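S.K.: these chains are from a complex, not moved at all, and more is on the way:
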Amino acid sequence: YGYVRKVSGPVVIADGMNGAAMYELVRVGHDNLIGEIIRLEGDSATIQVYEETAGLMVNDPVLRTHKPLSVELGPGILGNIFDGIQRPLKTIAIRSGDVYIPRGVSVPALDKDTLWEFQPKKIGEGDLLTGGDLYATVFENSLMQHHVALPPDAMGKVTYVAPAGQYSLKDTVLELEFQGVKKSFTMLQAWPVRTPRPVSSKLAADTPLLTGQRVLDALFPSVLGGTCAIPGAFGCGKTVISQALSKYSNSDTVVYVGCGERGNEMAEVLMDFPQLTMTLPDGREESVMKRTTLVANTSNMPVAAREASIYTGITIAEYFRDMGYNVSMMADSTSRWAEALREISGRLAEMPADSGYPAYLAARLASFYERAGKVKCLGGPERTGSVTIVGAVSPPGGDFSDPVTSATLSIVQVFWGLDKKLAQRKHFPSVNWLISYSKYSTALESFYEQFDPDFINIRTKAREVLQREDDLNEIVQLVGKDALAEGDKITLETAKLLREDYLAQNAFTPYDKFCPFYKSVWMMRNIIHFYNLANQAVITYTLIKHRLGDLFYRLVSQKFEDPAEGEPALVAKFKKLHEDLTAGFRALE
């Protein structure tokens, strides 16, 4: 009920919705086009239809939905491919047969006809429950056993618990009665994209993300729930780091939100991710897509869907966190989201603030980044999840003066600062150790101390060595390496070795494809010990360069030492190399 009255491009004004709420999705016309309610002037409303508005005829019925923009969560969310407006692209292609996305597709986000093996918990049938309780668990797949939980903001006395059996999503398995009424609950549930998932208490981040690359893991640690920004726009290095995170990182699952990027890049991602596979500690091979939910939005897609795709992905990540799993969310291009925001702002005619961006860009961006952190879950049993965002910055022109870049830098904790110059310098990691900074170093105090008490001192010395190296570069360019003091010359040589072997991880070779924390820490310890015991020894620079060349070769062999040779074996080899370097440096002097 409700008929269109003024259809002017994207905006459609329809009478009859006296009871429509602000920001409530509504279906327009026979084609069931989807639009949001903005202005509720009088008895009429205002619908910004996301899809094309051509062909609409006046008095075409408008159907209210009684729900803001919401994503249907639950089992089976993983693996599939979804658009910005939560549309399952693969099932749409299968059912429709045709290649194009039809104008007015109504395929549900999750196929409710598929059967999942539902296994209930031992909770009593006459017990009492509240929001967030892990009342059951469903085996949506392998490696991602879906710990279904009672919907948040729902508390009641349970009446009936379904047994362990194969059930559909449409089938109901739960019912509760706090008051006189009893309301049944299904496995599928919904949540608005905007409002964050309820959380009992945000927690201080304590444990780091292991990216599998030595440079990020060692120099600039990132906590669980720590925001990270990548300045990547060309060369697909950001996609490389995303693939590394998907394959090796600590994230129990990963969500990649690709919005507003070129269609070819999206196609490349959609073929590349299935090819990748993640090795278990058991060693048998399991595909990453089974643990990965991918959301893609091309430029052809409607702008509003592109803007809301970010909140869709972050809400999926929030569901996973509330399910008690550490999860990482990767934004392909925050700058593309900013472009979508400026387009929407121009469509709605807001007052520009800085370079065309709407004023509220800072607030929306800050909110989205702030929706990620280590969290104490709602309900019981008490478990802790974490959402860490590695959203990528893609400044146009490579200038930090871009308002989105400045806002992100103000908000982001860790900025890994990938540089195209390092790629031009034949560096595979391409991580600029200088322009990048870590703000979570203090957070790693307990973890680093437990793992290795001297690791903090090693990291500080490495940072000091990098600073001394960047100074000594221009110092050498001034007069030459010879004019430098013997200890300064050793420092420069050790910094060069550090950059060549430790900092630069090829990741193309099988031995360097994954660098564990133990191997990286041991390599750093060997390098720092060699540098130290060489610096005290001076004896001459050239003389010790020749007589300690074996020590340098042994230190470089730490890079040759790999987890592929075995973690205990790699640790033993690193210890032996450190001892050999110590003996060579001490005995010679």
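M.R.: Perfect, I can see it now. Numbers count the residues shown, from 1 in each chain, chains lettered A, B, ... in the order given.
S.K.: just checking, residue A:524 touches residue A:218?
M.R.: Yes - using C-beta atoms under 8 Å, residue A:524 makes contact with residue A:218 at a distance of 6.0 Å. From N, CA and C alone the C-beta is placed, and that goes for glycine too.
S.K.: Using CSV, list the CA coordinates for stretch A:178-187.
M.R.: This file holds the C-alpha atoms of stretch A:178-187, laid out as CSV (Å, rounded to 0.1, in the frame of the first residue of the first chain):
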residue,chain,number,x,y,z
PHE,A,178,9.7,-14.5,29.4
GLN,A,179,6.2,-12.9,29.6
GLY,A,180,3.0,-14.7,29.0
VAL,A,181,3.7,-14.8,25.3
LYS,A,182,6.1,-17.3,23.8
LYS,A,183,8.1,-16.3,20.7
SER,A,184,9.9,-18.8,18.5
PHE,A,185,13.4,-18.1,17.2
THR,A,186,14.9,-19.5,14.0
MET,A,187,18.6,-20.1,13.2
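S.K.: residues making contact with that stretch?
M.R.: A:74-75, A:116, A:118, A:138, A:148, A:150-151, A:154-157, A:159, A:167, A:169-177 (C-beta atoms under 8 Å, 6 or more residues apart in numbering).
S.K.: Show me what counts as buried in it.
M.R.: Of all the residues in stretch A:178-187, those buried under the rule 16 or more other C-beta atoms under 10 Å are A:185, A:186, A:187.
S.K.: Over to stretch A:409-428?
M.R.: Quick answer for stretch A:409-428 (16+ other C-beta under 10 Å): A:411-420, A:422, A:427-428.
S.K.: closest to residue A:380 among the residues you listed?
M.R.: residue A:413 (30.4 Å; C-beta to C-beta).
S.K.: ok, back up a step: between residue A:524 and residue A:218, what contacts are shared?
M.R.: Common neighbours of residue A:524 and residue A:218 are listed as A:459, A:462, A:502 (criterion: C-beta under 8 Å, 6+ apart).
S.K.: Of those residues, which is the most crowded?
M.R.: residue A:502 (23 neighbours; other C-beta atoms under 10 Å).
S.K.: which ones are touching that one?
M.R.: Contact analysis of residue A:502 by C-beta under 8 Å, 6+ apart lists A:214, A:215, A:218, A:520, A:523, A:524, A:527, A:559.
S.K.: Quick check: the gap between it and residue A:545.
M.R.: 19 Å (C-beta to C-beta, to the nearest Å).
S.K.: how many other residues sit next to the nearest residue to residue A:352 once chain neighbours are set aside?
M.R.: The shortest distance from residue A:352 to any non-neighbouring residue, by C-beta to C-beta, 6 or more residues apart in numbering, is to residue A:358 (6.9 Å). By the criterion of other C-beta under 10 Å, residue A:358 has 20 neighbours.
S.K.: same structure, new chain, call it chain B:
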Amino acid sequence: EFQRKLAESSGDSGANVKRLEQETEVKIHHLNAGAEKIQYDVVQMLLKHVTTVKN
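M.R.: Just below you will find chain B, in place on the chains above:
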């Protein structure tokens, strides 16, 4: 130094905390006595204003 420091520290802070708790309990008791004294006066004043109505 460390032995004399630990000997001094072991007990004084706990005694001070206990004394503070006792003083807080005493103050709570005094406040409760005052509230009991003023309860009916406050209630009567509130009832008067609620009941008092004109125009």
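S.K.: Please reconsider the neighbour count of residue A:358 now that chain B is part of the model.
M.R.: Number of residues near residue A:358 (other C-beta atoms under 10 Å in any protein chain shown) recorded here: 20.
S.K.: from memory it sits against residue A:343, does it?
M.R.: No - assessed by C-beta under 8 Å, residue A:358 is found out of contact with residue A:343, at 10.4 Å.
S.K.: dump the residue contacts of residue B:17.
M.R.: Applying C-beta atoms under 8 Å, 6 or more residues apart in numbering or on different chains, we find residue B:17 in contact with no residue.
S.K.: To which secondary structure element is it assigned?
M.R.: helix B:2-51 (DSSP states H and E).
S.K.: Which phi and psi values does residue B:53 adopt?
M.R.: Residue B:53 has phi and psi values of phi -150, psi 150 when expressed as degrees, to the nearest 10.
S.K.: I misspoke; the intended subject was residue B:52.
M.R.: phi -60, psi 120.
S.K.: ok, residue B:13 - how many residues close by?
M.R.: For residue B:13, using other C-beta under 10 Å, the count is 10.
S.K.: try the one 5 residues further on
M.R.: Other residues within reach of residue B:18 by the criterion other C-beta under 10 Å amount to 10.
S.K.: Same check on residue A:300?
M.R.: Around residue A:300 there are 9 residues (other C-beta under 10 Å).
S.K.: So it sits against residue A:263, correct?
M.R.: Yes - taking contacts as C-beta under 8 Å, residue A:300 lies within contact range of residue A:263: 6.6 Å.
S.K.: Go ahead and confirm residue A:497 touches residue A:555.
M.R.: Yes - counting by C-beta under 8 Å, residue A:555 is a contact partner of residue A:497 at 6.6 Å.
S.K.: In contact with residue A:158: list those residues for me.
M.R.: A:123, A:124, A:125, A:126, A:127, A:128, A:129, A:135, A:174, A:175, A:176, A:177.
S.K.: nearest to residue A:10, of the residues you listed?
M.R.: Checking the contacts of residue A:158 one by one against residue A:10 (C-beta to C-beta), the nearest turns out to be residue A:174, at 40.7 Å.
S.K.: quick check, that closest one in a strand?
M.R.: Yes - counting by DSSP: H, G, I helix; E, B strand; the rest coil, residue A:174 is found in a strand.
S.K.: For residue B:34, the count of nearby residues, please.
M.R.: The number of residues packed around residue B:34, counting by other C-beta under 10 Å, is 10.
S.K.: And for residue B:49?
M.R.: Residues lying near residue B:49 (other C-beta under 10 Å) number 9.
S.K.: Can you name the residues that contact it?
M.R.: No contacts exist for residue B:49 under C-beta under 8 Å, 6+ apart.
S.K.: Roughly how far does it sit from residue A:69?
M.R.: Taken as C-beta to C-beta, the span from residue B:49 to residue A:69 is 49 Å.
S.K.: then chain C, please:
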Amino acid sequence: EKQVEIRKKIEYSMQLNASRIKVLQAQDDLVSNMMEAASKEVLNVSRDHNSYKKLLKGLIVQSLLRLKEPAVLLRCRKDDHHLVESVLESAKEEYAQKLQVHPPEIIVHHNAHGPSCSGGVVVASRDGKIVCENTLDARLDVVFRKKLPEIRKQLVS
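M.R.: Chain C now in position relative to the chains above:
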């Protein structure tokens, strides 16, 4: 020892904060008890029948005047529903006396729960768009906020 005695200082600070916040919690609990006693006494006054009628008529008249509407829809509790039905157009006549005007239409029926309604009148306007809600329970907790500074003054020791 210097970097450890900060722990003792923090312990002292935490103890002091806990003690003072417990004291303030006790004060607020006393205030809540005062509010509950006031509500119970308001219900006891509502138990009155004869003198309790005049205040209802006064409320109806004053609500009609402040609303200044041409037609209203009044709803009352089942208790004193006979009393307000007896008041009837006496309130309208009093309103016409306060300002020379033709008395509006008065309609009375559904009732809230006795203790919940606690008397009072919801005069409202046509179509329920505008509501002048004057329950004694609602009139209270409005007086309470205004008189809270006076109460804090009263609580000396």
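S.K.: Go back to the contacts of stretch A:178-187, now with chain C?
M.R.: So stretch A:178-187 is contacted by A:74-75, A:116, A:118, A:138, A:148, A:150-151, A:154-157, A:159, A:167, A:169-177 (C-beta under 8 Å, 6+ apart).
S.K.: Also stretch B:4-12?
M.R.: Contacts for stretch B:4-12 (C-beta under 8 Å, 6+ apart): C:1, C:8.
S.K.: same check, this time on stretch A:109-124
M.R.: Stretch A:109-124 is contacted from outside by A:71-72, A:74-77, A:80, A:82, A:86-88, A:91, A:129, A:133-140, A:158, A:161-170, A:173, A:187-188, using C-beta under 8 Å, 6+ apart.
S.K.: Which members of those occur in strands, if any?
M.R.: Taking DSSP state E, the ones among these that sit in strands are A:71-72, A:82, A:129, A:136-138, A:158, A:161, A:165-168, A:173.
S.K.: and those, which two are the farthest apart?
M.R.: The widest separation within the ones in strands among the contacts of stretch A:109-124 (C-beta to C-beta) is 32.0 Å, between A:82 and A:158.
S.K.: Name the nearest residue to residue A:318, ignoring sequence neighbours.
M.R.: residue A:197 (3.8 Å; C-beta to C-beta, 6 or more residues apart in numbering or on different chains).
S.K.: For burial, what's the neighbour tally of the one you found?
M.R.: Neighbours of residue A:197 (other C-beta under 10 Å): 23.
S.K.: can you confirm it is in a strand?
M.R.: No - counting by three-state DSSP, residue A:197 falls outside a strand, being coil.
S.K.: so it touches residue A:317, yeah?
M.R.: No - look at residue A:197 against residue A:317 with C-beta under 8 Å: they stay out of range, at 9.2 Å.
S.K.: one step back: now the residue nearest to residue A:318: phi and psi?
M.R.: phi -60, psi 130.
S.K.: Distance check, it against residue A:140.
M.R.: Noted for residue A:197: a distance of 19 Å to residue A:140, by C-beta to C-beta.
S.K.: and what of residue A:38?
M.R.: From residue A:38 across to residue A:140, the span is 37 Å (C-beta to C-beta).
S.K.: same thing with residue C:69?
M.R.: Distance from residue C:69 to residue A:140, by C-beta to C-beta: 60 Å.
S.K.: Compare neighbour counts for the two and give me the winner.
M.R.: Taking neighbours as other C-beta under 10 Å, residue C:69 and residue A:140 compare with residue A:140 leading, 21 against 17.
S.K.: Contact partners for the spatially most central residue of chain B?
M.R.: The residue lying closest to the centre of chain B (C-alpha atoms, centre = their mean) is residue B:28, at 2.7 Å. Going by C-beta under 8 Å, 6+ apart, residue B:28 touches C:22, C:23, C:26.
S.K.: so the second one touches residue B:29, yeah?
M.R.: No - under the criterion of C-beta under 8 Å, residue C:23 makes no contact with residue B:29, lying 10.7 Å away.
S.K.: No further queries at this time; thank you.
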